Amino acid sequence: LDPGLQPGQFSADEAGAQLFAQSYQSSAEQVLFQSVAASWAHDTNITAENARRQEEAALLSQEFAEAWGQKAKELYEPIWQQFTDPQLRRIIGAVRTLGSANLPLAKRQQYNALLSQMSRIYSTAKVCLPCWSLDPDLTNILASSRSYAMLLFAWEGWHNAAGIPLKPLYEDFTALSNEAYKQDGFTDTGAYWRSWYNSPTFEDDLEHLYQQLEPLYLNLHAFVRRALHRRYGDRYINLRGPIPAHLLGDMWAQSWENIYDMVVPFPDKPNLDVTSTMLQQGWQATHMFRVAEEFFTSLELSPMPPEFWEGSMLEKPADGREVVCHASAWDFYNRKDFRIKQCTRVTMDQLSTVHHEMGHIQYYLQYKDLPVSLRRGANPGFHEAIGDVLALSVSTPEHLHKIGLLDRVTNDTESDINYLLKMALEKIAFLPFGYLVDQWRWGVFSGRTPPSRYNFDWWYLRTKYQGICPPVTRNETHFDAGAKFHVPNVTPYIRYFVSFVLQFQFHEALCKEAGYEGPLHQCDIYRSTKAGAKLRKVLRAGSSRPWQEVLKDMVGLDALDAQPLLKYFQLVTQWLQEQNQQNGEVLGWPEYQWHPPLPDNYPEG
């Protein structure tokens, strides 16, 4: 490590720690920028040489983290928790946690190489015919094909291509990750990830939330299963068993809005999926990002700066470069460069993803003048919820009319049921998946799920919570968890379950501050400068204050609460329950062993 980046001498008291924090800040912005820049160069141009440069940058960051981390522990480990400055407590507490920098050099190199190799496998995997990429090709098949055998070829091809080669690497990564965080005092990596929420009852609190939400999912599931039975027939759909995992609009069956046209309760009404109108009007990626920006500025939040428009990658490159297409938002930690990297497609659900990512950017812009260690959300679920909250307003039929995407307007009970069902496919179907992913990964980190049970335990949880089954036979050579982006790319997932509950708490609070008095699911906060100021206060805080206290200021309650989500969906919750009773459905999947047969002549077709 360059000596100019190493710590000097500081006194072992609060006066010394303030100077330590300022000196750390000056050098950390340099080390972080070089690491993010190297990752950007690789993720927008996957090559062996850019992987080498990114691993070199990662190794330098580990030397930096070790040097300042060991000094922080030597000087302040017994006293930082009693400092009077709460920002300083958070800075020192962060720096004393070394993570992968606890590993010796050879294991640091092995760790960084595994991250690079796992990333490459996921983002370059293809499905070749008798070759398709995940984005756009396989994504488009799962979203719009209604041929059972074509969907199966895409689902099986993807899970085999991405999952099978990842397994040996993921075993090695798990062991090294645990060895690293054990030296920071954590029993395993999952315990470190959960510690970010600073709640001793986290896992029990989540389980209680899911108990309140499960009946809504069970009723949506039975209603959609019935619609699938009418389309695909008794051979491929069991009305008392799990749904085949490739038939729900999405490679992971994680949200179902793309089969809305199969299940719409009142099909004679206006089409609430505005994708065809976007294409007819000639929308492109740039228009989608500018329309999202203008919602933020209508609230008197910040526009995107020039560096964002000059630096971002908003379409898949046409020179055939290999890129990581999975949409992501980037803070370069220099208070100037902020970017989105998205292989944008012109669809309604991509318009929502644009809002999701720009929500991350807006957070970065609002907290950029804090110390670098505090440039994060009050907790990770807060960061995920910002853009989704704006997207709840944008999706309303009234707002869509304002921006020219929905001509006919009506306010009757059937139109309300259509809208709420469409939103339930997006939000309620996701809840079991958002909950189960880190239940699986926490058990892997703890050793309760060893390599010999990776797929057995994944499919136990998928069936238990989502009520789906694999449409072809699987065994432990398959590694179907690895075919989901966040697993090989080592990004935690429980943030998304927290967000899908939290965003309805935020929506209720901002709608009240805006002076809106109608039904919650018809609120639009567009042009409410009062709502903007209440959101701005949260964003500018970073991680400087306990999230429970920030939440109480914002919504009046200091805990996650499912009641705003239930209140939003109340009308369709009742309607779905009545429909299923009238049709004599079984709620659940008591034939838990059932799997569908193979199509005739599969895969020749």
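We call the rigid core whatever largest set of C-alpha positions still superposes within 1.5 Å between the two forms. The first residue of the sequence shown is number 1, and the count goes up from there.
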407-415 versus 369-377: which one's CA atoms end up farther from this form in 6 other deposited structures of this protein after a core fit? 407-415
Between 79-87 and 195-203, which one shows the bigger average Cα displacement from this form in 6 other deposited structures of this protein once the rigid core is aligned? 79-87
How about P168: is it missing from at least a third of the other entries compared? no
Is it true that at least a third of the other compared entries have no coordinates for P130? yes
Checking chain continuity here. Are there deposited residues lacking coordinates between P130 and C131, and if so is it 1 to 3, 4 to 9, or 10 or more (or none)? 4 to 9
State which stretch shows the higher mean Cα B factor in the entry: 539-547 or 576-584. 576-584
Stretch with higher mean Cα temperature factor, 375-383 vs 82-90, is 82-90
Check the PDB entry and point out which of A562, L32, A67, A38 has the largest C-alpha temperature factor. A67
Would you mind checking which of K464, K71, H360, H507 has the top Cα temperature factor in the PDB entry? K71
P492 - Cα temperature factor, lowest/middle/highest third of chain: lowest
Chain thirds of CA B-factor: placement of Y454: lowest
Third of the chain, ranked by Cα B-factor, where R339 sits: lowest
Chain thirds by Cα B factor, record data; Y111 belongs to the middle
Relative to the other modelled residues of the same chain, rank the CA B-factor of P590 and answer lowest, middle or highest third. lowest
